[PDB]
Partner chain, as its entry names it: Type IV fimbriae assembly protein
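A single chain comes next, written as structure tokens; it is the form solved without its partner chain.
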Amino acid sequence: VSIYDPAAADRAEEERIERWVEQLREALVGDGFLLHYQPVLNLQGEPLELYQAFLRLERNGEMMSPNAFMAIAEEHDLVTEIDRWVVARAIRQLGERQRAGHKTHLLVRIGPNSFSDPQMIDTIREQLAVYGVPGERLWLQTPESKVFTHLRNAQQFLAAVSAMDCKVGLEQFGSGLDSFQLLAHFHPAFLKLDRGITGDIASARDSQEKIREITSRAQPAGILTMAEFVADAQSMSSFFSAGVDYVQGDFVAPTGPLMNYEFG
């Protein structure tokens, strides 16, 4: 039996957190992370070899989801560095792909801490260059919600990165007037619609209208629209009908290690 010792119990919990933090740092130093890729399919007549990068942690025989560790990472201020890790390895992948004759584009996540992170812009500027990758091959997405609360930094990031010809866009993009207003202050290259809008597109009037409210503004503004978690054929068709440019999700193609999707 283990006799209850509150000080020892709190120590053990912080030891569990500390192990995770230490494992995340070891992963950063030792290349313990890995990217998987999900094909993103163009629906509007402009095939493009595009994948989204998804982060995994290769921990002692387990391919772990960020669901395991991102909360710890956020609490311990490791997200900034993890996002830079991802961006750097994404550019490396873009370079290796290009050298192998593939005009691969990657869509990569960055959080708001990255907007003001000089090392993020340095990583993009320097790694594109060293791999001879045109900036247009790298698309960066950040949640709309984070741009609202870091607008000036987001705008500075957008400008800094756009200067490389990278695309900066918003994920979890909504259909409220606040979203329409944000587009007057922040010009993204692309919008990825929030799943709350898109999930029931095949069956829901209101979702169909939300999407057309967005695409009707996005299209003439030269903003690409995207939907995710596309899970069936009816949904995919509905996005095509609504003028959405891109779709992704397990029905299109599951996430995986390989870039083997035939885009044509």
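For the two forms, the rigid core is made up of the largest set of C-alpha atoms that agree within 1.5 Å on superposition. Numbering follows the first chain given and starts at 1.
This protein has a second form, the form solved in complex with its partner chain, left out of what is shown; the following refers to that one.
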(message) So its partner chain isn't shown here. In the deposited bound form, which residue out of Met63, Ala221, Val29, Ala233 has a non-hydrogen atom within 4.5 Å of it?
(response) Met63
(message) Among the candidate stretches 234-242, 209-217, 53-61, 40-48, which one is within 4.5 Å of its partner chain in the deposited bound form when only heavy atoms are counted?
(response) 53-61
(request) Answer yes if any heavy atom of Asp165 is within 4.5 Å of a heavy atom of its partner chain in the deposited bound form; otherwise answer no. (result) no
(request) Report whether the minimum heavy atom distance between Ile72 and its partner chain in the deposited bound form is within 4.5 Å. (result) yes
(message) Residue-level contact is defined here as any heavy atom of the residue lying within 4.5 Å of its partner chain in the deposited bound form; does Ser203 satisfy this criterion?
(response) no
(message) Although the partner isn't part of this model, could you tell me whether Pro6 comes within 4.5 Å of its partner chain in the deposited bound form, counting any heavy atom of the residue?
(response) yes
(message) Out of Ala100, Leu177, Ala159, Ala184, I need the residue that shifts by 2 angstroms or more at the Cα between the shown form and the other one, core superposed.
(response) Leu177
(message) Does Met259 shift between the shown form and the other one by 2 angstroms or more at the C-alpha, the core having been superposed?
(response) no
(message) Comparing against this form, do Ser175 and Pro220 have their CA atoms pulled together or pushed apart in the deposited bound form? The difference is 3 Å or more.
(response) farther
